[PDB]
Structures are given as C-alpha cells and as structure tokens.
Ligand SMILES: O=c1cc(O)n([C@@H]2O[C@H](COP(=O)(O)O)[C@@H](O)[C@H]2O)c(=O)[nH]1
Ligand SMILES: O=c1cc(O)n([C@@H]2O[C@H](COP(=O)(O)O)[C@@H](O)[C@H]2O)c(=O)[nH]1
C-alpha cells in the first residue's frame, strides 16, 4: 500500500460538513483517510462513498472488529459494501475471529489490518502482555497489515521485528497522545494523525508542518 | 435492573431492514428487549434504532462492543445514545480507562453500559478467557452493574456470576446455534440472548415460544 507522505488522516470529526471541509483542506498532503465509528455512526455509511467521490482517497474503515466469527463476517461484508478499501480487526478475540475477516476481505478484494497493541494507557492491563503472541498469530494466519502504538516505540519496534520488513505497519498515537512523527516512522510505514490536524486552528499548516518534520524520511 | 420480558433478548442480526422488521414484529409478544448490532446498523443506518422504537416499543441494547481508546470510546457512546439506544456493550480487554470513558458518557446521558467479559466462541480461549476474571473484577471496581458472559461455558459463566455478585445484571449469548442450553444458562444469567435459533426459523414466533415453554418454571 502506497500512502502519500507516509501520513494517514484520522477523520474523527462527527459532522459531515466539518469532516469534508477539513479533509478538503489537507487533500494535497494525503491520499489515505481512516474513517471510524465517530463519523460513521453520526453521518452514515454513505460517507465512505462521499469521500471516494470527492477526494478519490483510499479509505480504511477503523472498526476494530471484535465479535464472534459469524458476526465478524457480517460486519466486514457491510463495511466493504460501503466501499472501504480495508478494515481494522482486533486480534484479542482470537484466530477464528480474525480468519472470518480475512475470508471476506479476500472475497471482496480488500485488506485486513490487525490491531496488535493499542496506544492508550489502558493497553498495559491486558493487551500489551498478549501483543507479541497476537502478532505471531497474524504471521501464522498470513496477515500482511498491522497496527501498533506510536506511544511506545520500543513496543512498535518489537512488533516490526515479529512481522518482518515485508509486512505493512501503520501507527496511531502521534501528536495528541504524545508520539513523535519521525521516531514512529523508524518502524512504521505510515503514521496515523487525528487531532493534531483536525483540531488545529489551521489543519493545512498542521499537516504541512508534520510533513516538513519528516521530509528526510519521504 | 431492566425488566426483560421472559428473560429472553432477541439478537437481531438480519441485515435487511424489511426482514429485521418482520421478524422482530412477529416475536414482539414474547420479547420486549432487542439487541441490535453492527450487522444491522452498518447495513441500514443508526436510524434503525429509531424505527424499532417507533414500531415495537422494545428496549434497545446497541451491541457495539466498544473497543477503542478513551477519547474515541466517548464519541462512539455519545453518537449511540443520541440515536436512542438504552444501553451499549463495551469490551473490557482494552483496560480500565477505556471502560471508564464509556461509563462517564452513560452516566451523563442517563443510559447503561454492559461490560463484555468472556466471549462465547472458540477463539475466546486464546486470550480473553485468561483475562476474563480480572476484567470482571475490574468492572466491579469501576461500578459496572451490567455484564455479558458466555452460555457455551457454564463453568465460566458460573464463575463470572460469582465475581460480579447476585445484585449485578448478567446476560448471556451462545444459546441455541452455538450450543448453549436456555435453562442451564438461566441458572446464572438473568437473561439469555438468542439470535439465529429465532431469526432463521421458519416460524420465529413458534421458535421463541418454544424456548420460553422450555424455561417456563424459571420465569
Ligand atoms: O491503538 C490505537 C488504535 C487506533 O486505531 N487508534 C485510533 O487512531 C486515532 C488517533 O487519533 P489522534 O491522533 O486524535 O489521537 C483515533 O481514530 C483512534 O481511535 C488509536 O488512537 N490507538
Ligand atoms: O460472546 C459473545 C458476545 C456476543 O455479543 N455475542 C453476540 O450474541 C449473538 C449470538 O447470536 P446467535 O444466537 O445467532 O449465536 C450475536 O449477535 C453475537 O454477535 C456472542 O455471540 N458471543
């Protein structure tokens, strides 16, 4: 996956007008947008097609699928019908649940991103201790795309070690949560950035600034 | 706690609005509590919650298994409650801050959180099962009153009931299609969740009635 400027916009604004306006303001800097439940549950799944129509960007549906296999299949089917290019999936619920998503993605010509360790403090309680094993599970299952935490570069580096250089790794927690763009790109292929851009006084300048700081990495 | 008619909650996971409405309408005399998840919501929109309220006068549990960072969790809960859901399900495995974020919104908005502890499917054994007792204990410490646990593992459902105590509310999926028994499950759970056994039946009303007949002495 070829992500422009190694930068993925996390569009978690919950108003259609604002989400489209801000995305439009930074369109020259990105070609990949992560759309999650905040926007989708506020504005409907039709928002995905609207983004493709307006920007032609790739869309990662960040739904962190975390149900039983039978339900996971339905969620993936509905999500890809709406035009998402990829979907995020929790690994914690186990291999059968991940495989359900992989099956639908294969059928519909899409990608699964396996979420291993999360970026927030609570991830330390249960997820972190399982994360290496979740990553190995991904490798066993043939998963090629992964998500890991900007806020813990030592953990992000470990995840990269496990999945290898051929796998694709994207990483949230940059900016607002404290992660550094350049340090994160030592290990991740692309960074995910939400609030630092979409809540900025000037989102275009925010995006441009981030890219300037990583210019030697592009 | 919510007063669930016949101790039976319909898992409405049909993805077509017309079929979902038909089947729910057919079993409405038996069930006043419906669980609506992402299969139906992602297919038909959050307005489906509105349509169910308008048509049936059933309580709605939004089974969204919220599993994000605290800030995103808050947004998901707000949007879900804005749409009219009585309650939302939340994963415990992302940790206490993520659960607390949901509890705070539910408190502010006058609604309820159901904490998902152990899951019912085979994959749950890999990571969730080993964390489930602690997730439950965490829920108790956080003041969580409502919980979800697995019909497919009676021994685990029993232990989870012990941890949360008799005053907590416990609902349990995995009944029917996944192999769990209605009566056995109601030894521990306040209500059973049933999806395919009802909604794929040639006569969903007869299917619901049959389940209820089988647990009549437990009502
Ligand atoms: O571990 C993770 C996994 C995520 O998907 N995310 C997501 O990435 C985005 C981070 O946005 P922000 O830059 O505003 O912190 C949010 O949409 C969040 O749900 C995360 O923050 N941590
Ligand atoms: O551990 C769990 C938690 C659930 O919410 N569920 C949900 O409960 C329902 C079970 O439906 P069914 O009776 O068709 O197996 C589905 O909506 C599923 O997503 C589950 O099966 N196991």
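Just one of the numbered conditions (1) more than 7 Å from chain A (Cβ to nearest Cβ); (2) touching a residue at least 40 places away in the same chain (Cβ under 8 Å); (3) more than 19 Å from the chain's Cα centre (by Cα) is not true of residue B:99; which one?
(3) is the only condition that residue B:99 fails.
Just one of B:136, B:177, B:131 is away from ligand 1 (no atom under 16 Å from the Cβ), within 14 Å of another protein chain (Cβ to nearest Cβ), out of contact with any helix residue (DSSP H, G or I) (no Cβ under 7 Å at 6 or more places or on another chain) and at negative phi; which is it? Steps first, please.
Working: B:136 fails: out of contact with any helix residue (DSSP H, G or I) (no Cβ under 7 Å at 6 or more places or on another chain); B:177 fails: out of contact with any helix residue (DSSP H, G or I) (no Cβ under 7 Å at 6 or more places or on another chain).
Checking each option against the conditions leaves just B:131.
Identify, please: which residue in the range B:155-177 is surrounded by fewer than 19 Cβ atoms within 10 Å (Cβ to Cβ) and part of a loop (DSSP other than H, G, I, E, B) and is, among those, nearest to the chain's Cα centre (by Cα)?
So the residue we want is B:177.
Can you tell me which of A:47, A:8, A:30 is touching a residue at least 12 places away in the same chain (Cβ under 8 Å), within 14 Å of another protein chain (Cβ to nearest Cβ) and within 16 Å of ligand 1 (Cβ to nearest atom)?
Numbers: A:8 fails: within 14 Å of another protein chain (Cβ to nearest Cβ); A:30 fails: within 14 Å of another protein chain (Cβ to nearest Cβ).
Answer to the check: A:47.
Please count how many residues of the range A:198-210 are more than 15 Å from ligand 1 (Cβ to nearest atom) and in contact with a strand residue (DSSP E or B) (Cβ under 8 Å, 6 or more places away or on another chain).
Of the residues in the range A:198-210, 0 are more than 15 Å from ligand 1 (Cβ to nearest atom) and in contact with a strand residue (DSSP E or B) (Cβ under 8 Å, 6 or more places away or on another chain).
Is it the case that residue A:114 is crowded, with 18+ Cβ neighbours inside 10 Å, over 26 Å from residue B:77 (Cβ atoms) and more than 12 Å from chain B (Cβ to nearest Cβ)?
No, not satisfied.
For the range A:73-115, which positions are in a loop (DSSP other than H, G, I, E, B), farther than 16 Å from residue B:38 by Cα and out of contact with any strand residue (DSSP E or B) (no Cβ under 7 Å at 6 or more places or on another chain)?
Answer for the range A:73-115, where residues must be in a loop (DSSP other than H, G, I, E, B), farther than 16 Å from residue B:38 by Cα and out of contact with any strand residue (DSSP E or B) (no Cβ under 7 Å at 6 or more places or on another chain): A:92, A:93, A:94, A:109.
Can you name the condition, by its number, that residue A:195 falls short on among (1) within 11 Å of another protein chain (Cβ to nearest Cβ); (2) buried (at least 21 other Cβ atoms within 10 Å of the Cβ); (3) in contact with a strand residue (DSSP E or B) (Cβ under 9 Å, 6 or more places away or on another chain)?
Unmet for residue A:195, out of (1) within 11 Å of another protein chain (Cβ to nearest Cβ); (2) buried (at least 21 other Cβ atoms within 10 Å of the Cβ); (3) in contact with a strand residue (DSSP E or B) (Cβ under 9 Å, 6 or more places away or on another chain): (2).
Per-residue answers, yes or no, for (1) away from ligand 2 (no atom under 13 Å from the Cβ); (2) out of contact with any strand residue (DSSP E or B) (no Cβ under 8 Å at 6 or more places or on another chain):
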{"position": "B:4", "(1), (2)": "yes, no"}
{"position": "B:9", "(1), (2)": "no, no"}
{"position": "B:17", "(1), (2)": "yes, yes"}
{"position": "B:29", "(1), (2)": "yes, yes"}
{"position": "B:71", "(1), (2)": "yes, yes"}
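Any idea which of (1) surrounded by 24 or more Cβ atoms within 10 Å (Cβ to Cβ); (2) within 21 Å of residue B:93 (Cβ to Cβ) is the one residue A:39 doesn't satisfy?
Result: residue A:39 passes all but (2).
Residue check, residue B:77 against (1) farther than 21 Å from residue B:192 by Cα; (2) within 7 Å of chain A (Cβ to nearest Cβ); (3) surrounded by 24 or more Cβ atoms within 10 Å (Cβ to Cβ), all met but one. Which one?
Among (1) farther than 21 Å from residue B:192 by Cα; (2) within 7 Å of chain A (Cβ to nearest Cβ); (3) surrounded by 24 or more Cβ atoms within 10 Å (Cβ to Cβ), residue B:77 violates only (2).
For (1) under 25 Å from residue A:130 (Cβ atoms); (2) within 13 Å of ligand 2 (Cβ to nearest atom), each residue gets a yes or a no:
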| residue | (1), (2) |
| --- | --- |
| B:133 | yes, no |
| B:139 | yes, no |
| B:149 | yes, yes |
| B:162 | yes, no |
| B:205 | no, no |
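Just so you know, all these numbers are worked out from the coordinates, no wet-lab data involved. Please note: Cβ atoms are built from the backbone with ideal geometry, for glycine as well, and neighbour counts cover all protein chains shown.
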